[PDB]
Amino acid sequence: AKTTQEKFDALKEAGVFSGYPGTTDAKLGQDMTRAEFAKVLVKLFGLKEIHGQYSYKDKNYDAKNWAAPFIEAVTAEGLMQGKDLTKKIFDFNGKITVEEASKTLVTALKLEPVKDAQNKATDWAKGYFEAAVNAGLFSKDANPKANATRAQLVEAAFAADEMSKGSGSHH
């Protein structure tokens, strides 16, 4: 097998993962912003960046925000829609949670969310989290409501990449 560090090294070499901001380091114990995770999804699934389009009203969500082209791409793809469809808030500085990451990866991999799942996930996420656990993207002992650690996101991204390659529909 590969260690989490080796999985990070591989994904970094592939341009999918970056160091914890301010570093080139795995920092496997640290959290990740939804902005950073949008970029991970774009690189992981080979999505096209969308420049000069703004679908959200978050403060400092504009042409000067490095994350906008990635956030627009995952929005167009239907992987993410943000946290509030009235105020159009993505919460790009918010930390990506296990169940949020579960939704994005389940959606990207075309996996069926589990109906009437019984788990500790937020109501909207129960089916997404259940499908992610069933597919081996996260452990059943992961807290769906917790901020995902970079270790959990590296393991999930690596597993998602292996599933995509093995399905014969890799980008």
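Each residue number is its position in the shown sequence, starting from 1. We call the rigid core whatever largest set of C-alpha positions still superposes within 1.5 Å between the two forms.
RMS Cα deviation from the shown model in 4 other deposited structures of this protein, rigid core fit, is larger for 12-20 than for the other stretch of the pair 12-20 / 150-158.
Two stretches, 104-112 and 25-33, are weighed by how far their CA atoms sit from the shown form in 4 other deposited structures of this protein after rigid core superposition; the farther one is 25-33. Taking the PDB entry as given, 19-27 carries the higher mean Cα B factor of the two stretches 151-159 and 19-27. For the two regions 4-12 and 161-169, the entry's Cα B-factors average higher over 161-169. If you compare the C-alpha temperature factors of 122, 139, 33, 102 in the entry, 139 comes out highest. The PDB entry gives the largest Cα B-factor of the residues 63, 131, 108, 38 to 63.
Among the modelled residues of its chain, residue 86 has a C-alpha B-factor that falls in the highest third, as given in the PDB entry.
Ranked within its chain, residue 43 lands in the middle third, by CA B factor from the PDB record. Annotation for residue 67: CA B-factor lies in the middle third of the chain's modelled residues. Sort the chain's modelled residues by C-alpha temperature factor and residue 135 lands in the middle third, per the entry.
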